[PDB]
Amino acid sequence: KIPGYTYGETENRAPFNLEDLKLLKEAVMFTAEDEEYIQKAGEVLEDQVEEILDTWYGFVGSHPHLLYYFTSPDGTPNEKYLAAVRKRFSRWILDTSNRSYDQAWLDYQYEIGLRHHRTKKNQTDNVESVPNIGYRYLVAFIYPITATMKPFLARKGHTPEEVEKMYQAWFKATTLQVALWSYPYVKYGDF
């Protein structure tokens, strides 16, 4: 159904476990309250996903040095690559809100890190593109990912107090994930 999407079936145990996740949740101040509100964020965002994708890919597409990461060697955007990734990105919005953050979730977080990194970039879709996404931009993107989501959370007729709690949960969850995705980028033993 979603080409290349292998959540829960990588058959590869990540190099981090639930104890690692507990300590990382503590560092990012994520608790059971955020679990509640991230789920509620999923209810709000579910039927706005197409517009979210348009916004997100609009941001990427308007910056040549960002759109770069989806380009063919000739410098033009690879439209097959963009379309296939867009489907998996859309699903990630739902996963972030709806999935339990358990070992299967960690195993896919390792996978997503590997796919941004040179280790696995451009293999899932069998495309020819740039070899690596510089780690600096994964961290930077914590901000726009959070900023893209804010207006959409405010839209579904929920209380502003609930909106703030959903937004903070989303900020924490995005930060948590990017922290895990540093694994293949970071010198062994420094993560």
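Between two forms, the rigid core is the largest collection of C-alphas that superpose within 1.5 Å. Numbering starts at 1 and follows the sequence shown.
Fitting on the core, do the C-alphas of 157-165 or of 59-67 deviate more in 5 other deposited structures of this protein?
-> When 157-165 and 59-67 are compared in 5 other deposited structures of this protein, 157-165 lies farther out.
Using RMS Cα distance over all structures and residues, flag whichever of 92-100 and 105-113 lies farther from this form in 5 other deposited structures of this protein after a core fit.
-> Relative to the shown form, the greater RMS C-alpha distance in 5 other deposited structures of this protein belongs to 92-100.
Compare the mean C-alpha B-factor of 54-62 with that of 134-142 as given in the PDB entry, and name the stretch with the higher value.
-> For C-alpha atoms only, the mean B-factor is higher in 54-62.
Where do the C-alpha atoms have the higher mean temperature factor in this entry, in 123-131 or in 44-52?
-> The stretch with the larger mean CA B-factor is 44-52.
In this PDB entry, which of 149, 29, 67, 32 has the top CA B-factor?
-> Each of 149, 29, 67, 32 was compared by C-alpha B-factor; the highest is 149.
Out of 109, 71, 90, 97, which residue has the highest Cα temperature factor in the PDB record?
-> Highest C-alpha B-factor among the listed residues goes to 97.
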